[PDB]
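In what follows, chains carry the letters A, B, and so on, assigned in the order in which the sequence lines appear, proteins first and then strands, with residues in each chain numbered from 1. Counting starts at 1 for both ligands and their atoms, following the listed order.
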Amino acid sequence: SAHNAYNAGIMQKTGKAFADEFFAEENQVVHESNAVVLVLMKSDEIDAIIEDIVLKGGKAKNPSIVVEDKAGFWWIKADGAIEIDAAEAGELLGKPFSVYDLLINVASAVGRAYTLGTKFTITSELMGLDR
Amino acid sequence: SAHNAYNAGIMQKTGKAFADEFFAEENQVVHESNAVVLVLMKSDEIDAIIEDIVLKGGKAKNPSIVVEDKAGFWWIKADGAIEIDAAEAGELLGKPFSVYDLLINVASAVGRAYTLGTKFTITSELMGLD
Amino acid sequence: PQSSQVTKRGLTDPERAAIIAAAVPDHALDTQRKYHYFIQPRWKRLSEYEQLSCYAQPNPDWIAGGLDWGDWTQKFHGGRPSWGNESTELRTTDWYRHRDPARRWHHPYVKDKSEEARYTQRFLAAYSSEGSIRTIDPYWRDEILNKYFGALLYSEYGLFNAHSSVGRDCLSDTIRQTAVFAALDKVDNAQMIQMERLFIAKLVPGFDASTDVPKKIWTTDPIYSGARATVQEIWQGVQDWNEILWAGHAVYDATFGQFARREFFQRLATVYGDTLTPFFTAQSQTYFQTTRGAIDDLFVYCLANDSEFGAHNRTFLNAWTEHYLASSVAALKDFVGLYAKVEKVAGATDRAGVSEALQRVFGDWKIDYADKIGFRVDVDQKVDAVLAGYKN
Amino acid sequence: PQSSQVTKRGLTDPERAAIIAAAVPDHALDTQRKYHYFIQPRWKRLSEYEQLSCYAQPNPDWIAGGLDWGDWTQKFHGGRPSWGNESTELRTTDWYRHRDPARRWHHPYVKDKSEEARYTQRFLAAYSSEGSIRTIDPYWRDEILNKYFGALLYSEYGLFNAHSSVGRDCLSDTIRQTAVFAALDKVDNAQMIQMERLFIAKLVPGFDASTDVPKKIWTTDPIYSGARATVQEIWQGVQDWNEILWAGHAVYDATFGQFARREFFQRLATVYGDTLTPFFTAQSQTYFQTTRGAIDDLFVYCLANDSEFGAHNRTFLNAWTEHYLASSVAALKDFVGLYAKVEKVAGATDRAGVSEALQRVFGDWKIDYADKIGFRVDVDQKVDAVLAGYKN
Amino acid sequence: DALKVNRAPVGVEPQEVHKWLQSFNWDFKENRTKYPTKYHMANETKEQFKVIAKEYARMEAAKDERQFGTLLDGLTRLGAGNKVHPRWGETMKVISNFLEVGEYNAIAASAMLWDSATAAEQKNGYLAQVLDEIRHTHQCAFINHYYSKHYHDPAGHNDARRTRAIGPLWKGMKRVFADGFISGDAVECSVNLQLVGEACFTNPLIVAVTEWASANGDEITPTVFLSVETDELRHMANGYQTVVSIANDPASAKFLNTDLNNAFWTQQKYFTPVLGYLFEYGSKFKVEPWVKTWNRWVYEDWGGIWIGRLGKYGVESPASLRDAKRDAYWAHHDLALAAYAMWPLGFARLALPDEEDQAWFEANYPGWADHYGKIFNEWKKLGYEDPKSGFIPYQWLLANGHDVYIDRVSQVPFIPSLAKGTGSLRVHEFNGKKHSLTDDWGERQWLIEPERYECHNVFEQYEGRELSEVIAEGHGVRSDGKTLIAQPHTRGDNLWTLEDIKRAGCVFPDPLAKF
Amino acid sequence: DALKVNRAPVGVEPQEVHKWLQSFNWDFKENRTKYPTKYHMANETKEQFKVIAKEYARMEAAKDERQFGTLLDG
Amino acid sequence: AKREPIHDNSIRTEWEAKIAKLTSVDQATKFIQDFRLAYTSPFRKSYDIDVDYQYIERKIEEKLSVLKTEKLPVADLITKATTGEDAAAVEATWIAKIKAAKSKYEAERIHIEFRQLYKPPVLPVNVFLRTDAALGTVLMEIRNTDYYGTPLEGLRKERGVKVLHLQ
Ligand SMILES: [Fe+3]
Ligand SMILES: [Fe+3]
């Protein structure tokens, strides 16, 4: 919510106001963000995952998830991590749906993307550096 | 030619004129037609076959061919027969294209449809009778 | 130009798409989007195989499980229904219950067989280039494989044609899909057998891939005399579609078919230097285990354990099994005479080797079918009955 | 709702589709619709494989065949070009000339390997259900197949890693695609070998599918001493990507690889009752003949008969062949010591049987490669050289 | 034994063989990389995706069938090929083909990572990436291949693999996502190709472009491009494992900051102005200001989720970021001046911003109307679109002291008297050759590594030659042999020919002669 | 023999097996239809498409992937 | 100046005639080393054939290589340079030179001059790429040490450029 929106922060301003914050002194170095960004390619299988997994159990567990419509794909941003279970998606779709079949329409992944069994997870945790 | 058009003959008339010929006495029994009607499902392979085979070499050999656009498919009607060669279609597409790969988008076939080697042909000939 | 009207697509034409957008309500008119949600799922959640298959057949309430009502609109002369309970001795509380464990509707079926189709041709083009046929035993290749493995395609072909009435007569969708898929795999085995013989003819000059000798052997050679009589009975002698499926896949093909294909041609191919035949038998055996999975669910789960007619069905299944097992035993008794024509190999073609092969076929059959319908069978007695036709 | 703007599709939005329709001219601005029509077709007509592959690499005019100009925009420290002629001893008038006869771009490559992927798992579930592993010879399964066919995966793994520099260094698209597809098929062989060992372990209790014994055999057993040294040279000893491809596929794998895979494990599987391994060797041999088709077109059609550097290339190919053939002979001399550990079978494992196997491998190699680059070779001398390592 | 066995239906799953992949590699003296590198730390890492050969082929083939079904059957039946706005149909000639060489060079760059990797899982993991970049190459090829068959202007879509060599914009493309990857430290590709290339810039280049494509009627590109990025998450997973090993070793970390900022500026120097120009100027309908797209995907997301997170482990923020942000705002407008002025050198048909476009530019970029706007409107009054005008804006630039220079390092054009983005002209003479550099980051690369940047520019090759002679020599013509592929308008009539260009009399000068 | 053989890359096309399909049927007394009919004439005819099991599955699956690709994705 | 066409000009035709008159391995080796010392790398002696030297070098390479296969024995193609030196000794000699260089400027000229003299076909390909890789490794580690330490003004002086213009 809010902070994970695509048009959040400086992205709301336009014209001279946008340039003033864009060229601000404090915004000339990157700022650490505990967020993750997952992009889902639109399909019959993904539209079912969007409505019934990330926006249902995914948003209940992580209320900070934001899902934006971008014509051809879904733009998902959340704090910490984003999880999708292929076995859960297979029961929802009623067809064989392994974790590799899930990755068919999982495109951009700004974050540490990995798979644990039947679950896909893009997390903000730096594995091999944190923990 | 004109007789093989989709809106040919009575299909041009509307209203009372269409009904007068539709319910005419001489039009209550079927009339033998030496024509064939082939419907091609629109696709990348079929749109290439339509533009470069049936409308090029097919119309040169058979000038009576008519090809009408029907949104989702191609309506082809001609006298005698209609031939499409899968090897010729394969040369045009540059990929393996057998006679069974041609049939992926060959739908309706009003006539005696058959295959002779690598060539698909729908003819008006009553095979086994003529 | 063209005589007819160039129709404007409502999806893309700006004027029609605007009209369509104005007619489509901004809200859904119902939240139930699960296609045939009322289908009772066999597994944890309802699968697409069930949604696309189940209740497609329009059965009325007087056919067990039907959701419709009334009589058929048109029936045979005399009054035979389009589908009716007279088509089989077996009875059930719901014909819709059957579920292929492979969950094959049409698309996954042809998708799996297309893979086998295309990969076979890449294998053959490379196998011919490999020249691996040079190491095969010539006697096994010409006198045993070509003549009798080619003759076995008629057993596979006969089983395929047994399904002709089953595909018309059976009383539910998922069963009909099971039977037809089982029928195509059988004619597939018949063709793949002839496909291999044609292939060897391209690599071995003089190797005659004609079906004349296999047909004369299938029809006159006493080695296939018992099998031929059995398949002519399962195919054309009966019309109970449940009896055909049971006698076909669960008795004859499970005992004789398994022994001839796997215990004889596939196995002995791997003692006679035959590097080609295991590629084809790998497909027919895969078809069998896939077919068995569906037949097992039809007759064991649904019929032999039907909550109301379980014992009623097992009564017929026992009578059927006892009859067609005697046929298959007589067919196997004739078939082991073929061992008198093969090169002697210890542990495979001797009396001890064929005994252990018959114990594998009958022992597995008792576990896979007989023990599931309460059919008692002495495996040692059936092995000795077949070994009576074996020449020492 | 959402913070950003829901963008309207120009294909369906009535307002934008009307604007697009008004801006799109009612006529084509050119009639040439053949994608890269200027590609010189190798076959009767220009192929889609060629349209998607050819001239993808942006080579300049100072790389033979390049349609571009100028120096590279960024080069290594010291001045090494992004791509250069220093990457190989061989020369040609056009590096783009190579054409995979299978015409594999990426999609048909993965399409054919997906079919093999899914059908393999259907084969294994049925083969395990068939219980056909019961008829295999136990000694061959445990002491020869598991230990030494498992050790052979390391030869396949090394060949795969040899392509790492080839994939970076080679100078044309069709060559780069050929090498990478050939590299995946090699690691596939290594994985499919380990897959069969894991599969057998599920059926045979005590059967250890761990790679410790195969790795210990590959690295310390003198049977694989010559093979290991040859692959370590093709992989890490040289960087001439043409030498790597030639020594790998056309010499070592065409002689040693073919003998071990086809003449030993696949062939002897069909004299020891092994009904499972011929399913896996069928894929590796199919991969070989497909790779050979591409390797043959690169070195024979394009290079050994290049109008200007044909004899220049055959000079290097002969020196390469002479060196790596001696390695493969020394590798085969070590490998035939494995026959002292196998069960004796006439015409397969005896001295005459191994002689005919070596005559097949070297005789075919003379026809498929040696005779195409003008490399004279005495097959009987090479057979006798390897048979020196055979124990009677 | 021969009678009893477990007949339970079993196979072997991909992760069952993948757990033994690490044991496939054996130790020997020569088992090291062939390519030069300065990172010699331990990299015995595991890959985050249990991919084997058979399973790799299964996922990708599954992706392709859906994509090729959508194209060959669905969108073709809809006639979606000719439903693209002309501006965007021309822009997909550049974007798809320029990405094609970035995908093609990624094949080789991934092979260096494959070769320089030490763990067997990373070698197998990068081989899968190598295969993917081949798939991406054929996919970018398929877009233009499809566009050639169903779009109203196949020229440019049909012969870009040779007609791109005519223009200067293609020069910089051969560095940003090409030579910048494969020509350097091998393991450093985990920084330039992966940590900066695939993790930062593929998201706007491959994914964000799909929204502009759909906005301008193009459903062909999203079908293919979105399917390309489905492989990218596996690619960056390989690169992240190596960056971890580099950051944990202090001997290797002393080179990461330098290589990161060098790789970032190398790729952003071209990507930021070129794609910003292609998005905003090569489209009728705008999704959003390019500077916002850059801020969302490059500065905030990648900068914070990747670089900002890695900040607590020595990875510093790129010191060229402030200069990069100034490029995000103006540099693509500077490139528009050069790209429209030298339009006969390209292979696409451009369109001057209309009155609605100009309002959108001035609104989102205050001051655009007084600078870039007045220039574009003056060119139009001089006959920029009229083939009977004999006007080409490059001659107009030199007549007013607005000389175009080519950066010796990045090959990116620079007009110091008109550029608002980051840049200042530095002209050095070294061993009788004159070199022009544009920024502090590229100049340092040329001063330290001159032998790495001896790339001839379009003026050094075409010097003293007439404009239409270069175009005809480079095959920049349509099937008739005289009509130019490139055009200054997107209409179907009054297309410029070689004679129309010849009447302008444009002859390439030596921009560095005045020094 | 065991040394010399034709290693030309060959397969077997669908119509090669289809030419032997007619020989797959054997004559016996019960080889008749099970359903009532009034048509008992000779019907030993050829089908106009050389379709076998493997080739049927190959073309139909090719149709499905294009269809299901258009629906599920496009 | 006015450049002739790119791919077929009088400079390239002229240089192909010089190449055709090369009849021995030693002569082509002398011809190719002098050519690379005079027209290649930032330390070349002339830029007079700048837009043509790369194509010309290819044609020189093609002549020397064919003369190698026609004249040199097989072993000399693998183990020796066309200068007569042992290819392995050339590798060890130029490696020890760049590791002994006391600055990045000494090291870059040793690597550049090595590629000018021993770029194939004079030195065997496998030995060259291995030698070039080892030389590039040492050149990278010393260049990437305090890469931003020297300011641009001081970096221009160390390089030795003639600063013609600074906006
Ligand atoms: Fe890519
Ligand atoms: Fe990538």
| message | Quick test of your reading of the model: are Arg112(A) and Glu125(A) salt-bridged, counting only N-O distances below 4.0 Å? | response | no
| request: Can you tell me, to 10 degrees, how wide the angle at the Fe ion (ligand 2) is between ND1 on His235(E) and OE2 on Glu198(E)? | output: 90°
| field | Check: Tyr104(E) and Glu133(E) side chains under 4.5 Å, non-hydrogen atoms | value | no
| task | Tell me, with the steps shown, if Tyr151(E) and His157(E) meet ring-ring contact (aromatic ring centres under 6.0 Å, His included). | result | CA-CA 9 Å; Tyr151(E) 175 67; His157(E) 281 293; 5.3 Å; yes
| message | Donor-acceptor pair, distance only, cut-off 3.5 Å: does the side chain of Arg309(E) make one with the backbone of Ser124(A)? | response | yes
| field | the Fe ion (ligand 1) - name of the N/O/S atom of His136(E) that sits closest to it | value | ND1
| request: Give a yes or no on whether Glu103(E) keeps an N, O or S atom under 2.8 Å from the Fe ion (ligand 1). | output: yes
| field | N/O/S atom name from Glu133(E) that is nearest to the position of the Fe ion (ligand 1) | value | OE1
| Backbone or side chain, does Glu232(E) get an N/O/S atom under 2.8 Å to the Fe ion (ligand 2)? | yes
| said: Any non-hydrogen side-chain atom of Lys269(E) less than 4.5 Å from a side-chain atom of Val176(E)? | reply: no
